[PDB]
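Okay, so we've got the same protein chain twice, two forms, each given alone as structure tokens, structure 1 and structure 2.
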Structure 1
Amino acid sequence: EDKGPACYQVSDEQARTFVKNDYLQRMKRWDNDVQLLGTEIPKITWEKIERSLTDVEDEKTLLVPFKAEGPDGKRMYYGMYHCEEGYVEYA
């Protein structure tokens, strides 16, 4: 049923490798964001990934925050990695 591990199995490094690969892939097609940053390949700097103190084995999403910077812009992103399913959502 699961195309993916439980979030408590995923290290911060694995979480960041996935969100980075995913975001850079989708950045190609996101016009508003590319025009904003002025590049399809921004530089990325990570923030602290906060995990729940309680119900650790039950967490379904890891929040992976990062700034993406290009020549014309810098913007904060909140990647919601849904670990068990194989995807990220962005707010």
Structure 2
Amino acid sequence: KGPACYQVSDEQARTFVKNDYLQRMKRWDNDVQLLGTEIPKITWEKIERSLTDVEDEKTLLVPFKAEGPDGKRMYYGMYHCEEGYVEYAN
């Protein structure tokens, strides 16, 4: 896991937040311009989750494809269930 907040200086926090914000702006804008829509159609791919020791799962990996008139993109949402957020990969 990352650092505890008390180990994170204001400067480190600002750097992390700026990196994250800029990267997000870039990524999401790019995906919109590529698909040609803000509201692509979503198609689902099979979810692989452990059939055993299921209480050990901290994350569900949900693959999907988004389709616009200009294009199509594959994603893997990794949904951290307890934290209530998703981070996306490709």
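C-alpha atoms forming the largest set that superposes within 1.5 Å between two forms make up the rigid core. The first residue in the sequence of structure 1 is number 1, and each one after it adds one.
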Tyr78 grouped with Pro42 as one rigid part between structures 1 and 2: yes
Whole-degree rotation of one rigid part against the other between structures 1 and 2: 177
Rigid core fit between structures 1 and 2: Cα deviation of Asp55 in angstrom: 2.4
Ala68: CA movement between structures 1 and 2 [superposed on rigid core, Å]: 0.2
Angstrom displacement of the CA atom of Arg29 between structures 1 and 2, core fixed: 8.9
